[PDB]
């Protein structure tokens, strides 16, 4: 596996390890490399990706986990499909999207999250999973304009049998209110799903801003760009999200389009201070699916 892959270009670095663009038998693939001391993170992400029935079009396609000794030290590898466009973050910074395009990005993301959160009952069943670090930089855009979720290293799996998790972290900017004020019940798996929804609402806000209507659109911005410094601390985020109770601003322009109106509504229903009041990934997917069948465009 890793023995025949040739690294060609450095393309990114997440919380742990670094991502490279490799070549396997002539085919481009993405390789995430971890150091020996990062074995726990490497192992956990390999573990999540190897979850029974995890594969889904809206989830990064996992190829394999492997070790590679260069003669001095050993590298811990995770190999996956390669997606030229890169992260949703990079995509939205470089391009603007049409109504159909925005819907495809949002729907695919919601479908990907719904799959993760959904428990598949059966002999070869799939446990429910919460991501815990959803954001535009952890989502990838495929050549067909659809998104797939990546970086599952912090994910948690639920055992409905006894209602327990198999095991604050994540990106401060996208942390849900209950996480920022640390009021979240770590023992309740449902709380992790709801926190994921809050984050996805922020992502939907990033996409919508880039929806170019009649040549009109807003420039790319991360959520809360107008309220907190770059790389904000938990305290800075808490004061804005928890105390002042602010959320990303919804442009007036969005009212001149039924598509943006539906999106805007979904956003609000994702940002409720109380996770139990937020929409579900499935409900969101259904809503966007119907909105999609309206305009008319590939799902």
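Residue numbers count along the first chain shown, from 1. Rigid core: the largest C-alpha set superposing within 1.5 Å between the two forms.
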| property | result |
| --- | --- |
| More shifted region, core-based fit in 5 other deposited structures of this protein, 70-78 vs 177-185 by CA | 70-78 |
| Higher-deviation stretch (C-alpha RMS, rigid core fit) in 5 other deposited structures of this protein, choosing from 157-165 and 217-225 | 157-165 |
| Gap size between residue 168 and residue 167, counted in deposited residues that the entry leaves unmodelled | 4 to 9 |
| Given 195-203 and 114-122, the range whose Cα B-factors average higher in the PDB entry | 114-122 |
| Entry-level comparison of average CA B-factors, 213-221 and 67-75, reporting the higher stretch | 213-221 |
| Largest Cα B-factor, entry values, listed residues 189, 82, 89, 174 | 189 |
| Deposited CA B-factor, highest of 58, 36, 41, 230 | 230 |
| Chain-wide C-alpha B factor ranking for residue 276, given as lowest, middle or highest third | middle |
| Chain thirds of CA B-factor: placement of residue 47 | lowest |
| Residue 11, C-alpha B-factor rank within chain (lowest, middle or highest third) | middle |
| Third assignment of residue 152 from its chain's C-alpha B-factors | lowest |
| Third of the chain's Cα B-factor distribution that residue 179 belongs to, per the entry | middle |
